[PDB]
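# Opening piece of the complex, as it sits:
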Amino acid sequence: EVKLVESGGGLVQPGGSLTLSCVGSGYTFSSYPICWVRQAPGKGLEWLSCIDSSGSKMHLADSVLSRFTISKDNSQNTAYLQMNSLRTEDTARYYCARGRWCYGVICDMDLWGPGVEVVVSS
Amino acid sequence: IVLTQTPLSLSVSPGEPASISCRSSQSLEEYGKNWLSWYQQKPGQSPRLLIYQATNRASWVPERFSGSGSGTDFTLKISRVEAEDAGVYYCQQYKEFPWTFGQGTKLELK
Amino acid sequence: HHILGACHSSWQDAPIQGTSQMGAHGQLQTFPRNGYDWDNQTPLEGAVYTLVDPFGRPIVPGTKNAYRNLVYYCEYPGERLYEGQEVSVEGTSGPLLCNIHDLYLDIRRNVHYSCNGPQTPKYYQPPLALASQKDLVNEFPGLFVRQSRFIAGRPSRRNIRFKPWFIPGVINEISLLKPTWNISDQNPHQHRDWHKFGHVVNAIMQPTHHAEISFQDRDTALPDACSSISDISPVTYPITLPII
Amino acid sequence: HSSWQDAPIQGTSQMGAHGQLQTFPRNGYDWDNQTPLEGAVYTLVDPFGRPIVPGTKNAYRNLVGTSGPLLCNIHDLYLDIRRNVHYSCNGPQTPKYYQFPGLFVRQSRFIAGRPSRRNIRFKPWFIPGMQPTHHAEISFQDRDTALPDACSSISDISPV
C-alpha cells in the first residue's frame, strides 16, 4: 500500500512559524511539484499558496499574497509549508494532491492524504 | 469567475439516474476546450473523484457512470448509483488566473 | 546460388493474468496481477494488465491463435549461409520555416530514412534470393507489454513504454580478432554481431514526443508539469569497442 | 519566379493536371463534397502555416545538424551522454518562393466518442500556374495502457 505521509502540524500562536511535510513514496521526485489544499471546517474548499515547479513563478491567492514560503527537496521527497505572520483565517486541514497533464488538460486531483490539523488561536 | 452549482440538495432513489447542473457565469470556451471537473466527498474519509467534466467516469470504478453537456450548461449524469455515492459533490475548474472554486452539492439516498 | 523458402510462426495462446512463463536465454516474462511492478512481487498499487501487438491492434487475453511471432535472420544472412542485405531509402518532407543569424529567412526540408527489407521483421516472409537451423532463424517477440504506473504521492504519471514478450516456438523447415562470447549460442544479438570485429555494448533510447498546452491546476499551480510519453518500441543501439 | 493567383471560392470544384478533382469542400462534408462529415473546419493556408483570407486578389504564388547533450541509460550483456543527429537539404531540389501547390486545403477535423482524436489533414489544392504522428492515449484515471477515452494526434504539413 502507498500512502501520503503528512505530519508536522500542531497548535501555533498567531504571528508564528511552522513547517509541514507532504512525503510520498514509490516515485522519483526529480522535478516534481507539491502543494496543499485548504478546507476550513464546515466550509467549501479553496487553495492556499505555491511557487512554480522548479520555483520560478511566485503567485499566491488574494488573501495570502505575502505570508507564505513554499520549499521542497528533490532528493528526500519531503515537502515543507513554511508560514509567516500567522492569522486566524488560515486554520484548515491541508491535503496534498496530485496534478498533471494529458496532452494539456487536468486529469487528476488524485488521492488526498491523511491531513494534519493546524488549529490556531490567540 | 464564480461557479453556480444547483441544486444544493439531491434526493436520489437507488438505481435511478441523477442530473446536476453546474453552470459557469463566464464562457468556458468551445467544442474543443469546454473544461470542468467534479470531485466528491465521502464523510469520514478523504474526498474523492467520480466524474470528469460531466462527460465520463473519472475513476476506474465500473461503467455505472455517465455525463453530457457543453458550453455554459453542464449536466452531471449517473446511470445507476451505489450506496457509496453519497456525500457532497464539488463542481470545480481552474482554467484561468488567479484562482476560482465552486460551491458543492449534496447527494441523498432513498 | 541458393534460394530459401518461406517461413511463418506458431499460433499461440494469449497470456492469462498472473502467469509467469519462461523463454530462452533465461529471461522470464510475467503477465502481472494488479498491485505489482515488472518483477510481479515488489509493491505497487494500481496497475492492471493486458498485452498489445506492434501495430496498435490489441489482443483479447486468453485467446488461442492470436499472434504470429515475426521473423528476421542474421545481418548479411548469405554470409552465414555458408559455414540479401537491406538498405535505407532517402525521403523528403513537407515545407517548413527557419530563421538565420549572422556575425534572414530561408526554406529547407527534413529527411528521414526507412528500411523494408528481409532483415525487417515481417509476418509472412517471401522467398529469398551448410549452416544449421537455430543459427539462422530467430523469434523476435511479436507481442509487447505496456505498463501503467498508478502510485500515490505526487503525482500520478502517464509512463507509456514498451517491452517484448518472448515465447519459444516451432519454426517451419526450409526447402532449398573476435571474442568468443559474440559467436556463442547464448547471445540474442548474435544475428547483429556475428561479423563485427570488436566488443559490442548496447545503448537504449526511449524518445518521448511530449507537449505543453495552455492551462493547468494547483500543486505548483500555473505550469505544474512533468510527464513523459515515449514511442511504441525501444530503440537499441550497438557500439563497437576495441578489444586490442 | 511564380505568377500571382487569386484565392479559391467556397463550394467550388475544378479540374487540374493529371485528372484529379481539386476542390475546397464545405463544412460537414468530406473531400468529395458529397460524403457527409461531422464537425470539420476548412480554411486555406500558405505552405508554412500562416493563414490567407479568401476573396483576395493575388492571394499567393507558387513554389518550384545536431542537438545538445542527452542522458541515456546503458545496459551491457552506467550513465552516459550522447547527442541526436538529423539531416536536411537546402539545394536546388528544395522548393522556394524565389529562384508545387502554393496553397493547401486544411482539414481541422474532430472525431468524438471513445476513444476520440483530433486530426489536422492536408489535401493539396493544385490549380496549374510515411505520415508523422504525435500519437496518443488519453484518459483521466483508467488503466493507462488499455482502451482510452480520448487522444490527440497532429498530422504534419505533408507526409513523407
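Alright, I've got the coordinates. Numbering: from 1, shown residues only, chains lettered A, B, ... in the order given.
# for the most centrally placed residue in chain A, what are its contacts?
Chain A has residue A:36 as the residue nearest its centroid, 2.5 Å off, counting by Cα atoms, centre = their mean. Neighbour list for residue A:36: A:20, A:22, A:48, A:49, A:81, A:94, A:95, A:96 [criterion: Cβ atoms under 8 Å, 6 or more residues apart in numbering or on different chains]. To be clear about C-beta, it is placed using only N, CA and C from the backbone, and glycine gets the same treatment.
# Take the residues you listed and keep only those in strands.
A:22, A:81, A:94 (DSSP state E).
# Enumerate the residues of chain C near chain B.
Applying Cβ under 8 Å from any Cβ of the partner chain, we find that chain C lies next to chain B at C:48, C:214, C:215, C:216, C:217, C:218, C:221.
# Is the third one in contact with residue B:96, as I believe?
The reference is to residue C:215. Yes. Using Cβ atoms under 8 Å, residue C:215 is in contact with residue B:96, at 7.2 Å.
# So between those two, which is more surrounded?
Ranked by neighbour count (other Cβ atoms under 10 Å in any protein chain shown), residue C:215 and residue B:96 place residue C:215 first, with 18 against 12.
# Which of the three states applies to the more buried one?
When classified by DSSP: H, G, I helix; E, B strand; the rest coil, residue C:215 comes out as coil.
# and the end-to-end length of stretch C:57-74?
Terminal residues of stretch C:57-74 are spaced 28 Å apart (Cα to Cα, to the nearest Å).
# Return the set of buried residues in it.
If you call a residue buried by 16 or more other Cβ atoms under 10 Å in any protein chain shown, then stretch C:57-74 has these buried ones: C:58, C:61, C:66, C:67, C:68, C:69, C:70, C:71, C:72, C:73, C:74.
# Widest-spaced pair of these?
Greatest spatial distance in the buried residues of stretch C:57-74: C:61 and C:74, 33.7 Å, computed using Cβ to Cβ.
# Near chain A, which residues of chain B are found?
Contact residues, chain B versus chain A (Cβ under 8 Å from any Cβ): B:33, B:35, B:37, B:39, B:46-49, B:52, B:90, B:94, B:97-99, B:101-104.
# List the ones among the residues you listed that fall in strands.
Using DSSP E, the residues of chain B next to chain A in strands are B:37, B:39, B:48, B:49, B:52, B:90.
# so the fourth one touches residue B:42, yeah?
Same thing as residue B:49. No. Contact criterion Cβ under 8 Å: residue B:49 and residue B:42 do not qualify, at 10.7 Å.
# so how far is residue C:156 from the residue nearest to the centre of chain A?
Separation of residue A:36 from residue C:156 (Cβ to Cβ, to the nearest Å) stands at 18 Å.
# Tell me the residue in chain A that is farthest from the middle.
Outermost residue of chain A (Cα atoms, centre = their mean): residue A:103, 25.2 Å.
# Skipping adjacent residues, who's closest to that residue in space?
residue D:152 (4.5 Å; Cβ to Cβ, 6 or more residues apart in numbering or on different chains).
# was I right about that neighbour contacting residue D:117?
Yes. When contacts are counted by Cβ under 8 Å, residue D:152 is listed as touching residue D:117 (7.2 Å).
# Include this sequence as chain E:
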Amino acid sequence: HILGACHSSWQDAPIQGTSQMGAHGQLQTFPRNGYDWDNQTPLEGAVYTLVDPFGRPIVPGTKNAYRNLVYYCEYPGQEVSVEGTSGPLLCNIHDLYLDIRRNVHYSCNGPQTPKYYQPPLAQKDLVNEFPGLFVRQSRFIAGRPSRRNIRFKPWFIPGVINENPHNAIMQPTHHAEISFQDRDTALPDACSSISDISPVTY
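To build on what is shown above, here is chain E added in:
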C-alpha cells in the same frame, strides 16, 4: 600524443536580477516575474527558471552544485555516427497491401560530446566550456486561441580550465490539442509549439 582528464571549477548560482558581463559582448540575464528578456517590458506570465541539460532543476542561490560542461572543438579524433533502429511500424500506402517499415536515427558520443567527465584522447584552441546552466522559459499566452511556449536562452559564463562564438537556429516543434464536448461551435481555440533544450544548428 595523449591528453588527460578535463573539467572546470565550480560556480555560484545567481539570484534573480543579476546580469554579469559574459564573453564576446553578450549580457546574459535572469529576469524577474512578469518581464521580458531585457527586463524592461511587462508581460503576463513569461517567467524564467534554471534546469540542467539533463533536466534536473537547480535551487537558486546554492553554492557549488553545478559545473559548466565541457566539449572539444571541431577536429582537435573525430567520430562517425552510430546506426540504430526502432521496432516494426505500419502505415498506409497509395498506388496508381500492408507493409512493415523501420526508421533509422543516429547518435554521436565522441570527444565533441559535452560531458561531466572528459575521457582522455589519442589550450584555448582545444578545450572549451559548454553553458551548463540553461534558462528555461515557461512562456504563457492567454486569449483566443491559447498557447504556451518554451524557448531556451543560454547563460554563457566562464569557469577556469585546468592546465566568434563558433548559422541556422531551428527549433523543432510539437503540437497537441484536446477536444472534449461538441455542442457550441464558434471557433477552435488551441495550438502549441514547444522547442528543444538546445538549438538545432545548421
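# The nearest residue to residue A:103 with chain E there, same question as before?
Distances taken as Cβ to Cβ, 6+ apart place residue E:176 nearest to residue A:103, at 4.1 Å, with adjacent residues excluded.
# Compute the number of surrounding residues for the residue lying closest to the residue nearest to the centre of chain A once chain neighbours are set aside.
Of all residues not flanking residue A:36 in the chain, residue A:94 sits nearest, at 3.8 Å (Cβ to Cβ, 6+ apart). Counted with other Cβ under 10 Å, residues neighbouring residue A:94 total 22.
# what do you get for the one 4 residues further on?
One way to gauge burial is a neighbour count; for residue A:98, by other Cβ under 10 Å, it gives 24.
# Does stretch A:39-54 reach chain C?
Yes. For stretch A:39-54, a contact with chain C is found by Cβ under 8 Å from any Cβ, at A:47, A:50, A:51, A:52, A:53.
# Next, the nearest residue to the fourth one once chain neighbours are set aside: phi, psi?
Closest residue in space to residue A:52, ignoring its immediate chain neighbours: residue C:220 at 5.3 Å, by Cβ to Cβ, 6+ apart. Dihedral pair for residue C:220: phi -110, psi 20, per degrees, to the nearest 10.
# isn't residue C:220 right up against residue A:49?
No. Under the criterion of Cβ under 8 Å, residue C:220 is not in contact with residue A:49, lying 10.7 Å apart.
# okay, those two: which has more neighbours?
residue C:220 (26 against 23).
# Send me stretch A:85-103 as PDB with only the CA atoms.
In PDB, the C-alpha atoms belonging to stretch A:85-103 read as follows (Å, rounded to 0.1, in the frame of the first residue of the first chain):
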ATOM      1  CA  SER A  85       2.700  36.200  10.100                       C
ATOM      2  CA  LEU A  86       0.100  33.700  11.200                       C
ATOM      3  CA  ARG A  87      -3.600  34.800  11.400                       C
ATOM      4  CA  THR A  88      -6.900  33.300  12.400                       C
ATOM      5  CA  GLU A  89      -8.100  32.900   8.800                       C
ATOM      6  CA  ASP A  90      -6.000  30.000   7.500                       C
ATOM      7  CA  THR A  91      -6.700  27.400  10.200                       C
ATOM      8  CA  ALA A  92      -7.600  24.400   8.000                       C
ATOM      9  CA  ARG A  93      -6.900  20.800   7.200                       C
ATOM     10  CA  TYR A  94      -4.400  20.600   4.400                       C
ATOM     11  CA  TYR A  95      -4.500  18.000   1.700                       C
ATOM     12  CA  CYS A  96      -1.600  17.000  -0.600                       C
ATOM     13  CA  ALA A  97      -3.000  16.100  -4.000                       C
ATOM     14  CA  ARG A  98      -1.700  15.100  -7.500                       C
ATOM     15  CA  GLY A  99      -2.000  17.200 -10.700                       C
ATOM     16  CA  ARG A 100      -0.800  16.600 -14.200                       C
ATOM     17  CA  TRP A 101      -1.400  17.000 -17.900                       C
ATOM     18  CA  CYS A 102      -2.800  14.500 -20.500                       C
ATOM     19  CA  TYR A 103      -1.600  16.500 -23.600                       C
END
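# Now do the buried residues in that stretch.
Buried residues in stretch A:85-103 (16+ other Cβ under 10 Å): A:86, A:90-103.
# Tell me the one of the residues you listed nearest chain B?
Closest approach to chain B among the buried residues of stretch A:85-103 (Cβ to the nearest Cβ): residue A:95, at 6.8 Å.
# Before I go, just wanted to say thanks for your time.
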